[PDB]
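Listed below, chain by chain, are the residues.
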2 protein chains.
Amino acid sequence: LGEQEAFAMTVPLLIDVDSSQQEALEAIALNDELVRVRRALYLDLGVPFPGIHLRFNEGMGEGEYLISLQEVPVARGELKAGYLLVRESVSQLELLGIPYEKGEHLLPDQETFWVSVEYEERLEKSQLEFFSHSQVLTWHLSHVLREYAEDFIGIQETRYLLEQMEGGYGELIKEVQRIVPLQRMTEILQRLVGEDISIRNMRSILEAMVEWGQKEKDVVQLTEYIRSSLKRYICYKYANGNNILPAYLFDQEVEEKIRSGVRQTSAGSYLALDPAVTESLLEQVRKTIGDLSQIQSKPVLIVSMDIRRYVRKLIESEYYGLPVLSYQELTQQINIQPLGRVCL
Amino acid sequence: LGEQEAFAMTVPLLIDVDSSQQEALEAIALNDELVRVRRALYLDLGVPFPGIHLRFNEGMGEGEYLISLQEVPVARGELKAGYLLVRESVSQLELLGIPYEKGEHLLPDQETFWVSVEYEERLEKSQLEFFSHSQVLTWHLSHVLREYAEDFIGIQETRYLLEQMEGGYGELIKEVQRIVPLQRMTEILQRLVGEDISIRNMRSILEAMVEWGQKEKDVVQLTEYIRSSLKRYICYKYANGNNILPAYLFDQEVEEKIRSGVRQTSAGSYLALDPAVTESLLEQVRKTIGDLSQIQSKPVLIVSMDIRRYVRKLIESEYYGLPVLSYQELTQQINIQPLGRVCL
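Right, let's talk about the overall build of chain A for a bit. Assigned secondary structure in chain A consists of 13 helices and eleven strands. Long-range contacts, defined as pairs at least 24 residues apart, comprise 70% of the intrachain contacts of chain A with a sequence gap of at least 6.

This is how it looks when you write it as structure tokens:
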């Protein structure tokens, strides 16, 4: 036992589902239904995701499954599709109009109710959302990555991109590395994928990295200049229609209250107004935006560039699916259709 | 005798149990029951523990055993299971309701009373905690490491991690070594494992090492920023339930008395208020927290980040099993359920 300790590396991503399916589930693909949603999610965000280890554990129950990032279960579940109970995401009284018996739960994103596989034939005629045992699993996965993609872009992973691109763009990389150190360039790539912006376009992120890495030095400013280099991308991510975008402009009185609380002190530049002012603004927002749960068409808040960040991490608690843009990121020839200006 | 001195290295960890078992104990494993609890404890903390030498000494009695860190017995014991008296940890009047004769002691952590091996058959029916001759030994071991894990992470042991990780994360390490010297990076890894935080996740400790090792320079601040990188880990170590955490918030009046006594002088930043104020605060704590011996569910104190340390080493005498958190380490989506605010 005198062997010293034999260090063992932690696993980057891990899926632990129960036993009793290690050969029973195992048959849609569950080795080509993960690698499919990992690639299909890579081409969306661009993060070089890690290898998903798949372990069928017997220690848990029979419908349990936990998805552990680095040995801390981040989205566990007891799939009561355990035997076969293919769930329903947009479950409603329509599943009472389509009367097949239900099973209650609040599986995360939409109201989940479960029906059996004889009931499936008739409800698939009725056309609602069906999640097989693959699609119930990967969905949380494709939701775990999209929300924890700030943790897979580390100094070891960008140096993977800046090596994989050596062939294509030689003199671009040998120029960017001398201007922005790897720590600083990575502290940006995390800040893009935080707003669900896609790294994928890795060239025009380095063009705008070289251009501004000499003039600007505060990361939060530099990333607002770099988003402004993906102009005609964002116009396509948020406003899919004919150059019309449903916005929620901030009336100038507020964009000035926030620009006066930046506190550029210790490379944090924290927005520090007051625990009593934050609730004042966050109320004026909640008073106009409402809840946006019924509000369709995915609106976006639109605020000046230099505070586009601090507004984002402010309402990040209440309004999570409300992206924030800038005036600059808005490529011209976009018809902002203001839903309602946020007064004070 | 002219041989100069022939230097002989001290042993890192050493178990000295008596003779008369060197072949009699020797049969559960006692070479695979230590290496099992050493590995099982490594995957918990992450420290690369040393090799446990096992020596059966005759110089002692017949039920004695001492566990010596570097030749100073740190947890000795005369196991009065000497012949066979498998102990009981949660001994109570239930062992008078289950009337089998007892043997009194205060073996450390829970009330230890001993019963024989014919009594074992019936009390194992009654379902209380049994410690065989292995489990009485390793338990102190798995308690010695967990409490002296600040002594196994030295500059020689982190350079073992930063070499074992060269393969996986090359450019991460070649970046962190130039930012934080080995002394400074190790003075952190000791400060994590001091709070029972787990080094194990060695990547996101280096990501947050690179990020903050340039801005912050006081170790105690840097480690409070590094704990804030293991956010969604701590949420799982202290609040296992559904995002609900039983806290003991500090009312703001106190968190300001302590922030005024930091004395950042000689890289010690000692909290120096008064031997008469420390008893004032430590009384207001003891007046609300009580004793927490009956208080179940493992509550945690929750104080602002910048003094999370000085509060910890303050109550470290009285309330040892009361972990202290920050507001920052608390990942959002955690329902702090304040048990009672510590007023002044």
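Now, onward.
Spatial ordering of the open sheet is given by β6-β5-β7 (chain A), a layout of three strands whose pairing is antiparallel. Single-partner strands in this sheet number two, and they are β6 (113-114) and β7 (130-131) of chain A.

This part takes up the sheet that holds strand β4 (residues 73-78) of chain B. All names here are of chain B. The strand order across the open sheet built from four strands is β2-β1-β3-β4, with neighbouring strands paired in mixed fashion. Among the strands making up the open sheet, the edge pair consists of β2 (52-57) and β4. Pairwise comparison of adjacent strand axes, ignoring direction, gives a mean angle of 15 degrees for this sheet. Inspection of the sheet shows strand β1 (residues 13-18) paired to β2 by six bridges, in the parallel sense. Note on β2: the bridge partner recorded for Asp16 is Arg55. Contacts between helix α4 (residues 133-147) and the sheet are confined to β1, β2, β3 (64-69) and β4, with β3 contributing the most and set at about 20 degrees to the helix.

Let us now look at the pattern of salt bridges. Enumeration over the complete set of coordinates arrives at 37 salt bridges over all chains. Put simply, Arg38 of chain B and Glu5 of chain A hold a salt bridge, and the shortest N to O gap is 2.9 Å. Here the residue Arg38 of chain B occupies a position in helix α1 (residues 34-45), and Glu5 of chain A occupies one in the segment before β1 (13-18), the pair thus bridging two chains. Under the relative-accessibility criterion, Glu5 of chain A is labelled buried at 3%. The partner of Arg308 of chain B in a salt bridge is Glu224 of chain B, with the nearest N and O atoms 2.6 Å apart. Within this pair, whereas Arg308 of chain B is found in helix α13 (residues 308-315), its partner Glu224 of chain B is found in helix α9 (residues 219-227), the two being separated by 84 residues in sequence. The burial state of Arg308 of chain B is the same as that of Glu224 of chain B; both residues are buried.

Conventions adopted
- Residues numbered from 1 in each chain as written, not as in the entry; some residues may be left out.
- Chains lettered and ligands numbered in written order.
- Part of a larger assembly, values for the part shown.
- Heavy atoms only, no water.
- Residues with missing side-chain atoms left out of burial classes, pairs and counts.
- Helix = DSSP H or I, 4+ residues; strand = E, 2+ residues; numbered from the N terminus.
- Contact = heavy atoms within 4.5 Å.
- Pairing = 2+ DSSP bridges.
- Axes fitted to C-alpha atoms, helices over the stretch in contact; angles between N-to-C directions.
- Salt bridge = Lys/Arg side-chain N within 4 Å of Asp/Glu carboxyl O.
- Buried < 20%, exposed > 50% of the residue type's maximum accessible area, 1.4 Å probe, protein only.

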